[PDB]
Every structure is written in structure tokens, then in C-alpha cells.
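Chemist: Let me start by giving you these chains from the complex, positioned as in the assembled structure:
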Amino acid sequence: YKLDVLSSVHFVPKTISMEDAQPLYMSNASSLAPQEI
Amino acid sequence: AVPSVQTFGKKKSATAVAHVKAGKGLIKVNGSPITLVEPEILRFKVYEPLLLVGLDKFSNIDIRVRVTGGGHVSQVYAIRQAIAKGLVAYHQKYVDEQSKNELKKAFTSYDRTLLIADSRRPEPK
Amino acid sequence: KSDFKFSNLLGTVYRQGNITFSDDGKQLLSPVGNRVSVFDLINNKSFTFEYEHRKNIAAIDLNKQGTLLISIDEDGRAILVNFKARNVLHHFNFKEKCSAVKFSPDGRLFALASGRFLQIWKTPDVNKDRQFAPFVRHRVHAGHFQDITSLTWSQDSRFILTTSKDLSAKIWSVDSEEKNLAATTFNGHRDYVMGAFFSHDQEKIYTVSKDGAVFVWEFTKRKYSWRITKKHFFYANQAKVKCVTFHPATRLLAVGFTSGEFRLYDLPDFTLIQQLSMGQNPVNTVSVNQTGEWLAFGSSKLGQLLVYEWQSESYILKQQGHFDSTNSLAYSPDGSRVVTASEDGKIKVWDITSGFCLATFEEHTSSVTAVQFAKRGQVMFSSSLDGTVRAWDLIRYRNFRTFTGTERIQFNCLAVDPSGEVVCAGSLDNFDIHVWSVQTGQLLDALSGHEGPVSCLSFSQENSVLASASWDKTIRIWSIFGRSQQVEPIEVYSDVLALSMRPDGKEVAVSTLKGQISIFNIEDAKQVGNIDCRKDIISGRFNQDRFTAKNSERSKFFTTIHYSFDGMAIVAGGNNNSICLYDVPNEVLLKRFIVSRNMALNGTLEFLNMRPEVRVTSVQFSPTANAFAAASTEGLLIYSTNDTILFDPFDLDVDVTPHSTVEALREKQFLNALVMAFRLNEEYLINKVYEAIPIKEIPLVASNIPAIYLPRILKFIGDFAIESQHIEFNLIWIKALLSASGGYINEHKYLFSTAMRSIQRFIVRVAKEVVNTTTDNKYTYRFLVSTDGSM
Amino acid sequence: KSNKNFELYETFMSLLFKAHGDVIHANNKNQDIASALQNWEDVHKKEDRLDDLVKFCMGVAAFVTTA
């Protein structure tokens, strides 16, 4: 962070839990490669 | 103090420096007028920069062109390049930009070797 | 034809401020950046409001009739919007800092947290016309010692609870005639009181503090006034209360702490209904429905938004933008979804019919550069600065190849031929063009040739030639297939960025650094024309300058170009806040849009009397939707068009009127009525005559249709059949159309390309899904009857 | 029967089948459920006309676009 802010043109900003970043809602191991299965 | 502009053009080794400034029509190559270009058979190759656009775009200017180096036909290609890009630079920065890119569209519609040269050498197959 | 309104805003789903539901739970509206957005949560869609504050936005609400929104920025620039038609209505300036606004439940009045004071205003009306001075200040109150941190309204319009950073929570009456009822000042909390709420029966007042205290004030005895009958504690370890709300009609108190946690309670007994956590960064605002079911949260550090149904503990939407990053985009060649690729280093796959991030792809370490689809849009690619490019599919949603150089070199751009075999990428500090085979993930060749760094690539789509372009002022036409590897250089005047190629594969458009666009034929090498574009972009005067606001060549060039799929319009954007779009055959600007007016962004306006800076990095046209996406510093920007209000007909004359079309329809000359409405080119007339043509002559009209309205008819049938309902009627129309005139579009392939994409992604998005569902129903029936299991 | 909300009725029936169609398969060929889903499929088997229509239209669209 401190290196590319020094060396970049534009600025760079930077119990029970969950997660908002996922591959897909719908597929969910019902989309697997048949060669791998 | 007159509005002058200066451009460069070059084929293989010849070099042509052109000074376009607000004058009254005269067009000179090493002092000698444009009617007398040496190889005598490419005189229209040096004419067609001032023949695609009409002489009324040359009524207000005058062009003195020094030319050194290169052979005969490389010299006359250098003069046509210097004439064309000097005219479009003078119209770029002393009269209207619509006339500038109208001239540039006319030259790049005739052939764009009148303006910039393929100056990058060969392919190693 | 260039009537590009600003329709949607994908990306950055919440930035700063307080999320609010509508009068019902159907429309969740959120303070994204400068503007606001509205997500329709039942008819699942999204739009973004067309207005724009002058700074970042700070507080939003809409009144309980749902017909009037007010947003208010960080300084006092109140925008009042008639909500049900998206027209800006009034432009007021409050004189100082605002903290939170709140409409009264009847809708007559609203209240405003103006620092240490409190403002009380009555709203204007929306039935009567535009006034001039419509804000009548009702009353100010000045009883505090420090700034107000929140307000809550009573159920009736009589009392407000003003909770502040000074430890008082004060109850204030709305009219002075009954002021002697309760003007009292509940003290008692240790540090800051951050909420105060009435109960349903307004005899109990809860007050919630910073450290996690809940105080229940009640009017009991020891005339006799307002003692504290019950104290509750949250007992988070070092997580103070960051936001609160309390829906009284179901007694639900939602409290989000400053460590990504939120709990929520049934308050009068104080039982912990539900406790969970969102991240390692504080939840900033909460909101409830009117009916207690939906419950939405907004975390401001990463900029993510939750909604929650807590009866059946499940969500409806869960999105997350980025923190100041959108580095490229790409559509799919069936225009139904759009990949954005974010400079934090992660890929997102939005869908344009919804507004939801249906997929993240968190794989890359360092920054990402560009994305590019191939093979009808179910294989995409992504190039990083980490040192690799990599493939993805959009069926399994997984990598399958990680192409890399053996040298740890970053990349800048990439492209891929339509016959999905080879993948080219273009770096910054080894001057080459690498190509990999996508069948076997190896490096095919180090296809050199330039003298400097390359900046922008594209493969063709008809001959699949490569067209690289590099900072040696040179573009370079490559033919890499079939025993030859033919090179052909073309030499531009100045430095070169930003290549794009026409979708018929006959010419290539390139930007320059000397503020110009050129187009080059590629079976030849002569030009066609150069659009001069250095007089019609307005970069902003920076706050770090000595120079002027126009002469400084800051971003007087175009960092990204794209063609349109008809072949004429070119859209172009640069590091300045101006999006231009041109056409090639006349070399003139169709239009110029400013992208933003945030003076928080530094180089935004022209006359301002490090920083985030406004920038546009990738622009593309839609393959079907007649919209274009920009990838700004804010997020994805979607400017859409329509066949609506612009009245742009096609060779009408004196007799063709909508009355004449509808009387020809009732006199049943259906083909004459259809061409009489398409000459007029108006939305309701086209839709009416198209629905009201009955079924027994669809072969007659689709055979005797003219040969010049057919791309318009195909484009309309597609863009009506996507969001239509009559799928068998649409399928009958398309069957008749491309059975009667099938060979003609095949001999005139190119001008039907922006229509034949539409009716093919009409089929593979809804119709084939419905048909495989009824296929599965038929097969499950056939199984459950044909076999016999009686245990 | 009435051709309205066709995708919703198809997904309702498939939701029924994959939710608790196991009892349907188990005491299959009882007279009540046999005639019930027999007339259901006597109505449902007309609904492959749009199957024939999309298998026409997607193939002809791909053909007249590509070749």
C-alpha cells in the first residue's frame, strides 16, 4: 500500500460470521466437472 | 515578427526544411522558384501538394525551402513532404482548425505518404 | 438515436449515508456516492436517480406517502425530488451542516439535525405546480450543548426524540400549544447516547448508548415523572454501539456494533433474537421495514449492503462494491451479463437485467487490467498485473488455465480470437506480445516485433487478424495463422493508446496521445479519416495547480475507445470526466456527457474557487441493449436508450396518423397497419398493433413485410420478447419471420447483427429454461408412472 | 388448463415432485392419484408445441447467423 501510493499516479485507498463474496448462489457443487467426479 | 512556421520532411537521406510565412504567393526551392525543379519529370510529383487543395490556399503564404542531401527522387519526395506538412502546420496554428483538418483529410485521402513517412526498417523473416 | 439517458449504476452498491426502505418494503433506496439508487425488491430490478448533488451525499428519506424524497449532502445542499416520476423538484440550501433527516409519519412535516440545534420544517406539496420558495420553517429548537447524532419520530406527529453526543436525550414536542407536556431531558448514560425510540404504546421510551446500555424510561411513581425502570447491557467486549433502530410495531431492536457485528432483540423482555457478524469493519447504518420483516444493513468501509428476512432466516440481496476501483469491463456477446474487473484485484459478474453481483471471483493477488470474452460469451479471460492471465468459464465459475510468462512480468491488455484457440496478451516491460494456446495451457510463441511497450490489443472477428498498437507511434497488423506470420506496420503521427476494431473486421480505430482518433483499413493500410477530439473535452482544474483550466494537456486524449455493432458510432473516454460519442462517416460529435459533478473528486469542475480523481478507464457498447457502460472511478455507469419519448419517425407523410393505423387495424389490413405504425416509430402504437394482430395470418404479414423494416422488426421483437410475457406469440412471430425471410438476412448478414443477437439471447435466457423445465416435468412423470416401487 | 403463468405452474409441479413425490412413486397406481395425474398429463402433453418451436427457432437463428 505505502509503496504503490508513493509510486502510483492515482490514489489507492487502503462470533458467527458470514460472507458477501461467493462464486454462485445457485450451483453449489451441483456444477462439477464429470471428469473430476 | 511575421507569422512564421517551420517544418521538416525526409525520405531516405535527403532533408527538406520549409519555412511557411504570410506572403504573397511565391514558392522557392533553394531560392529558385517551384517551376524549376531539377529532374524535370517529377515536377508534378512536387506540384501535387499545391494542386490537391487549390492555389487560393497558397495566395496568402510564401514558402522558402532549403534542401540538402539524398539523391534526385529522394529530394523531390522530401520537397513534397515538406510543402504538404508545412501547409497543414501553418493552417493548424494561424487559420481555422476546420480548414486544417480539411486539408489533412484531403492529403490523407490522396495518400498519407504525403504527410508522414514509413520510416521503420526491415523485417527479419 | 443518441438519446442516452443515465439509467443504472452497477457497482458500489452503498458508499455513505443511511439506507431507507420505501413506504412499503418493495423499494430499498440507498445513498451511493453522489446519487442515490433504488432497488425494486419484488419485481427485481434497479435504477439510479438522474439528479446529482454537488458533494457527497449524507442523508436520505422519502415520506410515508412514498411520493416525495429528499436527499441532503454533507454541507447543506438539499435536493427535493418528486419520487414517482424521477424529476428533480426543488434545490434548497440549508445554511449549515446536516446530520440526519426524518419525515413525520403523516407526511406534512419533517425534521432535521442541524448540528447542535434542531430544525422543523413543513414540506411542500406534489399535487400543485412548481413553486419558487416552498420551504416554510416551522420551528427551531436550541436546547442541547453538543451536536445531535440522531432523530426518531413518534408514531403520531407529536413528539420527536433527539439523541445527541452530549449525553442528554431530549423529547421535543412539535407545536408550542402543547409544549408543557414533555420537553424533558433524559440523562444517565455513561458516554454518548446514540439512539432514542418510542414504544408502540408511547408510554415507554428506550434510549441506547455508546457503550451498550439500554435504558427503559417509564412514567411511574417514586407530580411524578420519568424514572428508569429497567437497564440492559449488550456486553460486547470492545465493540461500542455504531448504529441502531427500533421497529415498534413488532418490538424489534436492531443494533450493529463497530466491529462488523450486529445483534437484534425483542426489546421489552430483552431477549437476544439473533446475533451474527458481517466483517472486520463496522456496520454503519441499519433500517427496518414498516412491517418488521425485511431488515437492511449498510457497511461503509468496504461498501457492502445486506438485506435480511429474519422470520425465515434468509437473505434477499447481499452485495458489495469496491473501495475506489473499477479498472475494466466487458459485456457478454449475448448481452445479458457484464464482467467488471476491479483494481483491488477481483472480478465481479453482474447481470444487467438485475442489478446484483451474482458472482465474485477472488483469485488475483495484485491489480487486474482488462477482461475479454470469446465464443458467444461463456468463456472469459482476465489479465492481471500480478504476472499472469487466466481463463474462466461462466458455467462452472472456475479457473481452468493460468497462463503465465516464465519471467514474472505484468500485463496491460489482452484479447482472444473468436475461434477460441489462442489468447494474446500485451505487457509493459518486455515489449512483446505473448500468445498462449487455450487448449493446452502453454506458451505458444513470444511474438515480438515492436520497439517499445504495447498498450492495447484486439483480435478481429472475420479474418482473426491481430492489431497491436504500441508507444513507438506504431500499430501493427499481424496474421499469425497458416504458415505465414505476416507482419504489416502502420505508422501514426503521435503516441498511441486505446485500440478498438470494427465488428465487421474491415477497419480499426485507434486513439492517439495528440487528442485524435484515426481509422485505418486493414486489407489496405491507408487511412479513412481522423476525428479531431482535443477541443471538445473539458478536464477539471485541479486543486494542486499553477496553470489554467483549459490549456494544460492533462487528459486531452482518449484512454479508451469502442465501436458500435452497427459500425458507425464510436464511444470514447479518457482520464478526464468527459464521455464523447462520435460517428465515423461524418466525423462529428453526436454527444458529450459530463460523467460526474463531485467536487470531492478533484479535477471535476472547471472553475473551482492526494485526492480521489475523476477518471474513465473502459467504455463499451452493448451487443443488444442499446446502452453503453463506462467504468469510472465511481463504478459501472450505464447510459441506456429507448424507443420512447423522442419522436424520430421514418418517412411519414400527411395521411399516416396513429388514428389512421388503428382504423386500418379495425378494418383489418394488418400488414398495412404494421408498416403504418413502423413508419411512425412510436412505442405504444407499435406495441398495440403488434399485440392486436391475431394468429391466423402471421404467415401472410411476415411474408409480405417489406425488406427495409426487417432489422427494426427483429430488434423490436427481441427487445420486447425479453421482458414480455407472451412467449408463444413471440415464438410464433419469430418462426414466421425467419422462415419467410431467412435467406435474405443470410445474404445481408451484417446489418442484422444487432438484432440476431437479441432474439438469440431471448431464447437462451428464458425460453430454453422454460422448455427444459417442462422437459424435466415430462420425464419425472414418465418415470413415476412407468416404474413400480411398493417397498 | 388456461395457459397462464405456465413457468410458475411447471415449477410448482416440479417442486411437488422433488419435494415429496416419493410417496407418489411409492403408492403409485392407486386409482385416485393415477387418474389425477393422468388427466394432469393429458393436459400437460399438449405443452410441447413451444418445445418444437424453440428447437426450430434456436437452430434456424444459429444457422442464419453463422452459415
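Modeler: Happy to help now that I have it. Residues are numbered from 1 along each chain as shown, chains lettered A, B, ... in the order given.

Chemist: Can you give me the separation between residue C:780 and residue C:774?
Modeler: For residue C:780, the distance to residue C:774 equals 11 Å [Cβ to Cβ, to the nearest Å]. In short, each C-beta sits where N, CA and C put it, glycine included.

Chemist: Tell me which of those two has more neighbours.
Modeler: Neighbour count, other Cβ atoms under 10 Å in any protein chain shown: between residue C:780 and residue C:774, residue C:774 has more, with 21 against 18.

Chemist: so is the more buried one in a helix, a strand, or just coil?
Modeler: Here residue C:774 is recorded as helix under DSSP: H, G, I helix; E, B strand; the rest coil.

Chemist: Quick check, it in contact with residue D:48.
Modeler: Yes: the pair residue C:774 / residue D:48 is scored as a contact, 7.5 Å apart, by Cβ atoms under 8 Å.

Chemist: residues in chain C within reach of chain D, list them.
Modeler: Residues of chain C lying close to chain D (Cβ under 8 Å from any Cβ of the partner chain) are C:727-728, C:731-732, C:734-735, C:738-739, C:742-743, C:745-746, C:749, C:753, C:756, C:759-760, C:763-764, C:767-768, C:770-771, C:773-778, C:780-781, C:783-785, C:787-791.

Chemist: then add chain E to what we have above:
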Amino acid sequence: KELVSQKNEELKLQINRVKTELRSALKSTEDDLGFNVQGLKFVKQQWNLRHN
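Modeler: Below, chain E sits with the chains from the block before:
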């Protein structure tokens, strides 16, 4: 583009015959495939409904 422009009633009858019998064969084998995959997914899902 020449197969359209040909003029042969015998050839177009032959095309109709080939078309209807080929689509009958392909819909038959697709019927077999779909009935098998739905019966097998029922078998697996009720096994998991027993003791997942």
C-alpha cells in the same frame, strides 16, 4: 444455397422423409436419456433423504 434453388419434387419429398424419421429417432433416444437421468436422480435423492 444451391439446395434451396434446386427444383425436384422427388428430392424435397426425400428431404421430408429423412427429416421426420431422423427427428423421430433423436427424440426417441433423448426420451431414453431424460427418463434415465430423472429416475436416477430420484433414486439418489431419496437415498439421501433416508440417511444423508
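
Chemist: Quick one: list the elements packing against the helix or strand where residue D:12 lies.
Modeler: Remark: residue D:12 resides in helix D:6-20, with elements defined by DSSP states H and E. With contacts defined as 3 or more Cβ pairs under 8 Å, 6 or more residues apart in numbering or on different chains; DSSP states H and E, the packing partners of helix D:6-20 are helix C:768-786.

Chemist: let's see 10 Å
Modeler: Contact here means 3 or more Cβ pairs under 10 Å, 6 or more residues apart in numbering or on different chains; DSSP states H and E; on that basis helix D:6-20 packs against helix C:727-740, helix C:768-786, helix D:22-26, helix D:31-44, helix E:9-51.

Chemist: what's the closest of these to chain A?
Modeler: Across the helices and strands packed on helix D:6-20, chain A has its closest neighbour in helix E:9-51 (10.3 Å, Cβ to the nearest Cβ).

Chemist: Could I get the CA-only coordinates of stretch C:65-75 as PDB?
Modeler: What follows is stretch C:65-75, C-alpha atoms only, in PDB (Å, rounded to 0.1, in the frame of the first residue of the first chain):
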ATOM      1  CA  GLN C  65     -46.900   8.500   1.100                       C
ATOM      2  CA  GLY C  66     -43.900   7.400  -0.900                       C
ATOM      3  CA  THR C  67     -44.300  10.300  -3.300                       C
ATOM      4  CA  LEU C  68     -41.500  12.700  -2.200                       C
ATOM      5  CA  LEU C  69     -37.900  12.100  -1.500                       C
ATOM      6  CA  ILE C  70     -35.300  14.500  -0.100                       C
ATOM      7  CA  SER C  71     -31.600  13.800  -0.100                       C
ATOM      8  CA  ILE C  72     -29.100  16.100   1.600                       C
ATOM      9  CA  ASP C  73     -25.400  16.300   1.100                       C
ATOM     10  CA  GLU C  74     -22.500  16.800   3.500                       C
ATOM     11  CA  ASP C  75     -22.900  20.600   3.700                       C
END
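
Chemist: here's chain F, drop it onto the model above:
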Amino acid sequence: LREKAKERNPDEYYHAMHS
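Modeler: Take a look at chain F, now in place beside the chains above:
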């Protein structure tokens, strides 16, 4: 001096180069 000519660096500028 031939080596400095082959590395001339064509963008040098001082106050003394006005005349």
C-alpha cells in the same frame, strides 16, 4: 565524446540555452 554523442539524451535543457 563519441560515447556521449551516442548517449545524447535529446531532452536536456538549461537556462543558458536561450541564445
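
Chemist: Could you re-examine what packs on helix D:6-20 with chain F now present?
Modeler: Judged by 3+ Cβ pairs under 10 Å, 6+ apart, helix D:6-20 is in contact with helix C:727-740, helix C:768-786, helix D:22-26, helix D:31-44, helix E:9-51.

Chemist: and the nearest residue to residue C:317 once chain neighbours are set aside, helix, strand or coil?
Modeler: In space, residue C:317 comes closest to residue C:307 once its chain neighbours are excluded; the distance is 5.1 Å by Cβ to Cβ, 6 or more residues apart in numbering or on different chains. Here residue C:307 is strand, with the state taken from three-state DSSP.

Chemist: From chain E, how far off is the nearest residue to residue B:51 once chain neighbours are set aside?
Modeler: Counting by Cβ to Cβ, 6+ apart, the nearest residue to residue B:51 once its immediate chain neighbours are dropped is residue B:44, at 7.8 Å. As judged by Cβ to the nearest Cβ, to the nearest Å, residue B:44 and chain E stand 49 Å apart.

Chemist: Residue B:44 belongs to a helix, doesn't it?
Modeler: Yes: according to three-state DSSP, residue B:44 belongs to a helix.

Chemist: list the contacts for it?
Modeler: Residues in contact with residue B:44 (Cβ atoms under 10 Å, 6 or more residues apart in numbering or on different chains) are B:37, B:51, B:80.

Chemist: closest to residue C:141 out of the helices and strands packed on helix D:6-20?
Modeler: Of all the helices and strands packed on helix D:6-20, it is helix C:768-786 that lies closest to residue C:141, at 58.3 Å by Cβ to Cβ.
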